[PDB]
């Protein structure tokens, strides 16, 4: 069931697998390309994570008061574990910090074992946010997709002596509280809808490896953007929410059978 790959007069065999899991609208699809390379002294799998984390944006309020809960940071952790601590994340994308709305890069495998950043390409959008790769070691790759500023240039630190933080304030003078937040069509899709992460990595294993595990951890840190009517105008305040949300998905990396298998 393997396919021959060729490069510079050398050949190897590749195998593909994928599995997917979801819970409460949070989704993780982990796809793999396993390489059995006679020209390398280890085994490698390129893994591609695609998923979705709902924004859970919510608005509450009344005539003089409003609260908008919104996602300030999405955190994605991908952890590798195995009983003999032999299997390592060799590299992962995206790297460093990316402020561009469209994130796109590739991780490639060369026959002989070289990994460069057979290929896996990632792509996602992050309007008004940035991606910070916060961890990149042998057993953890982690990324924060963190809010930067609205198109109007308001951020979580913005402060006006009268209006406070105007972050998602629709009008200084008008509207009831629950009707005074930025419309969905004027918000980043990461706030109105959610985030669609796409990250990738390369795992390296000893030749005799039969199984390991990948754990995908999703965390969404919410903030509360609050409006209070102050006699003649609205005043906004942004703070950390007292709640955040978390979901994780574990996948067996079945090196022996070249399969990715979600653990129920």
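Positions refer to the first chain, counted from 1.
Chemist: In the deposited sequence, how many residues between residue 117 and residue 118 have no modelled coordinates (none, 1 to 3, 4 to 9, 10 or more)?
Modeler: Missing residues, residue 117 to residue 118: 10 or more.
Chemist: Which wins on mean Cα temperature factor, 29 to 37 or 214 to 222?
Modeler: Going by the record's values, the stretch with the higher mean is 29 to 37.
Chemist: So, looking at the entry's B-factor column for Cα atoms, which has the higher mean, 89 to 97 or 160 to 168?
Modeler: According to the entry, 160 to 168 carries the higher average C-alpha B-factor.
Chemist: Whose CA atom has the top B-factor in the entry, of 237, 55, 196, 233?
Modeler: In this record, 233 carries the highest C-alpha B-factor of the candidates.
Chemist: Lowest, middle or highest third: where is residue 174 by C-alpha B factor in its chain?
Modeler: Highest third - that is where residue 174 ends up once the chain's C-alpha B-factors are sorted.
Chemist: Looking at the C-alpha B-factor of residue 252, is it in the lowest, middle or highest third of its chain?
Modeler: Answer is lowest: the recorded C-alpha B-factor places it there.
Chemist: Using only modelled residues of the chain, where does the Cα B factor of residue 71 rank: lowest third, middle third or highest third?
Modeler: Lowest third.
Chemist: Grab the CA temperature factor for residue 49 from the record and place it in the lowest, middle or highest third of its chain.
Modeler: Lowest third.
Chemist: Quick check for you: using the entry's CA B-factors within this chain, is residue 77 in the lowest, middle or highest third?
Modeler: Its C-alpha B-factor, which the entry lists for residue 77, ranks in the lowest third among residues of this chain.
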